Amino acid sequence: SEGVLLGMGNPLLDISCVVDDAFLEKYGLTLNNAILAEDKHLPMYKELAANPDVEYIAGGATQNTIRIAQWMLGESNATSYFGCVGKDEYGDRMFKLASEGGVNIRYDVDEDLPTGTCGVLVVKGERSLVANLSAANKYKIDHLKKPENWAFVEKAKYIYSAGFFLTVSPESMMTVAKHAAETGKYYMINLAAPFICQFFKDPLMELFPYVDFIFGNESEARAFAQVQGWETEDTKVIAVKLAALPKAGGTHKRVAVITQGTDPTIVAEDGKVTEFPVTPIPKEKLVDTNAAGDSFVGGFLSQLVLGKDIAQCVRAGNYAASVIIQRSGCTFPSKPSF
């Protein structure tokens, strides 16, 4: 099933460090939040580089999801990934790691900007993200439309992008979403962060009629609900309302999947809510929750591309996230035991 799943996003190198409450207060950051880097965050990246516990791990939300799906599938080149990197060592490092894991990496390159990075600040297992997109922000629709890269869109039956890609190339997302609508394929996104639901609500709502599977966490679902004027904080209601939003075509229903950390995963399908409890990981065994949501999607998608039911997809998602939260960032052993 070569290239059955394609992802498109921002390939970033995670600069991860266990810090404390004072470091977040210093740079005005919030736990369980993601922002785009500002000039005031350049001293932060310098401080992270000098910290003795700093770790450099391949990141990027879509890339994490695709690498996890590939690990769960276990058949080389079942997945593909598009994204933009710089002509530097960080770009080649992520290329080599993901390719060796079995992902068919098709990176676009920027001539002048360095490869994108993300500050991952860990406090008692929880994380705060500060993305410096750099070359990831320069993804070109020209790369997507080149025959050798368009062939992997044609080969794919499932296409996924984290909502973070709406800040970079909403035109590339629309192009592949419209292709999927014309061919009976599945187009899927995540809400990614509250800032995406608030500041990128308009490109998000232009694409939403073409979304067959919408993924998100409870804070994103609540941020989306507040933005749309839905006077509710109930994630069960928000999940049903997300599935019920208009669709460009009736070929597929829209399934909404809302994760809630240690609380049950919510699925809205055909107007009914099903909840799937999480088996919590001991606080002792917990390293960090960075890439937990991305790995839940990766696990869910690995079963979805094999034709499994939605309950088996959620079970595989909870499994993949449980494995990843017992490691730093999006890191995993070489072979699964699902």
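Numbering starts at 1 and follows the sequence shown.
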Notebook entry, point to check: Mean C-alpha B-factor higher for 299-307, or for 286-294?
Noted result: 286-294
Checklist line | Mean C-alpha temperature factor, higher of 56-64 and 35-43 | finding: 35-43
Margin query: So if I compare the CA B-factors in the entry for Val273, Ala69, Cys313, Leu48, which one is the largest?
Written below: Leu48
Item checked: Options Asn217, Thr175, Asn77, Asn137 - largest CA temperature factor per the record -> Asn77
Next item on the list: Relative to the other modelled residues of the same chain, rank the CA B-factor of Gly329 and answer lowest, middle or highest third.
Entry: highest
Margin query: Quick check on the deposited entry: does the C-alpha B-factor of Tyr90 sit in the lowest, middle or highest third of its chain?
Written below: highest
Check: If you rank every modelled residue in this chain by C-alpha B factor, which third holds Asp110: lowest, middle or highest?
Finding: middle
Item checked: Assigned third (lowest, middle, highest) for the C-alpha B factor of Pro209 -> lowest
Next item on the list: Name the third of the chain's ranked CA B-factors that contains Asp202, choosing lowest, middle or highest.
Entry: middle
